[PDB]
Amino acid sequence: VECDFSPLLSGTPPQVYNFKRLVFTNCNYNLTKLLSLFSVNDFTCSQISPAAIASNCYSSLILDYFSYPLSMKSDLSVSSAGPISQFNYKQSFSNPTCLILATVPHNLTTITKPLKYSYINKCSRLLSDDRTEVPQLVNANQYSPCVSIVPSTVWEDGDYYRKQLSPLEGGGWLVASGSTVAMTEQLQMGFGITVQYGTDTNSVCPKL
Ligand SMILES: *[C@@H]1O[C@H](CO)[C@@H](O)[C@H](O)[C@H]1NC(C)=O
């Protein structure tokens with residue numbers, strides 16, 4: 381009983397390409413309890429609504445969280461190119477999702493700020509001909525192929541990262557570049573919620 385959103389409130393939220401995932405089964409949630417702590421700037425859903433998501437019974441609820449600057453709001457949509465959706469973070473297009481952009485108030489103190497926001501501006505793979513570059517896109521619910529070579533913080537805007545690939549990996553080179561955005565007065569964050577419905581497995585219910 382009782383879903384635990386605590387880990388979200390303790391410490392420094394990772395950068396978008398290192399999003400932390402909290403998984404819930406068999407428990408009871410109060411979503412509007414959690415959002416009461418933040419100033420909520422944006423809240424959009426897919427195949428569900430902000431009202432419905434705060435009040436439905438699911439077989440599973442997944443909550444991704446990460447530091448994210450409000451200024452890159454538009455880059456979250458799969459429409460566009462956008463480094464974010466292509467190389468950093470992508471929600472399921474099959475299951476009902478929600479995305480929330482929130483600022484953390486001064487009076488919320490247990491959440492510490494990083495030096496800046498970092499993201500991956502490019503993730504690509506150079507073929508054997510040493511000419512052709514093939515983008516390495518992030519899949520839903522997965523991390524970037526490049527998370528192994530990109531550090532948790534981008535040191536300097538424009539930094540490049542390369543890895544030589546073994547023949548088991550198909551050969552060639554993995555190439556990534558990182559970008560930075562300056563930290564804001566109050567930290568800004570993103571929350572990705574994904575829900576699933578079952579037949580009898582709908583044990584994630586709002587508390588009454
Ligand atoms: C859930 O939390 C919100 C926080 O604003 C509160 O208003 C509401 O009464 C709570 N609901 C239940 C059933 O605890």
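Residues 381 to 588 (the authors' numbering) are what the sequence shown spells out, left to right. We put the CB at the ideal spot given by N, CA and C, even for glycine.
(1) Could you name the residues that DSSP lists as bridge partners for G391?
(2) In chain order, what residues place their C-beta within less than 6 Å of a heavy atom belonging to ligand 1?
(3) Let's see if you can read the secondary structure: which residues bound the alpha helix (DSSP H) around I433?
(4) Give me the residue from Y577, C585 and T581 with the minimum Cα distance to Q427.
(5) I want to know whether the stretch 548-565 touches the stretch 412-424 - three or more CB-CB distances under 8 Å.
(6) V584 by DSSP, collapsed to three states: which one?
(7) Assign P476 to buried or exposed, taking buried as 16 or more other Cβ atoms, counted over all protein chains shown, within 10 Å of its Cβ.
(8) Check whether the Cβ atoms of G552 and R511 lie closer than 7 Å to each other.
(9) For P485 and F399, I'd like the C-alpha separation in whole angstroms.
(10) What number of angstroms, rounded off, separates the C-alpha of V530 from the C-alpha of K496?
(11) Report the rounded CA-to-CA distance for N521 versus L507, giving the unit in angstroms.
(12) Touch check for the stretch 401-417 and the stretch 526-544: three-plus C-beta pairs under 8 Å?
(13) Please state whether the Cβ-Cβ distance between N519 and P463 is less than 7 Å.
(14) To test your reading of the DSSP string, which unbroken beta strand (DSSP E) runs of 3 or more residues are found completely within the stretch 467-533?
(15) Compare the C-alpha of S429 against each of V584, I573, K587 and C585 and name the closest.
(16) Terminal residues of the continuous alpha helix (DSSP H) containing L450?
(17) Below 8 Å on the Cβ atoms is my contact criterion, and I expect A432 with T412 to pass it. Report the Cβ-Cβ distance as a whole number of Å.
On the basis of the supplied data:
(1) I491
(2) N410, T412, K413, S416, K587 and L588
(3) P430 to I433
(4) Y577
(5) no
(6) strand
(7) buried
(8) no
(9) 21 Å
(10) 15 Å
(11) 26 Å
(12) no
(13) no
(14) 477-483, 496-506 and 513-515
(15) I573
(16) Taken as a continuous stretch (DSSP letters only), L450 belongs to no alpha helix (DSSP H), as it is neither H nor E.
(17) 13 Å between Cβ atoms; not a contact.
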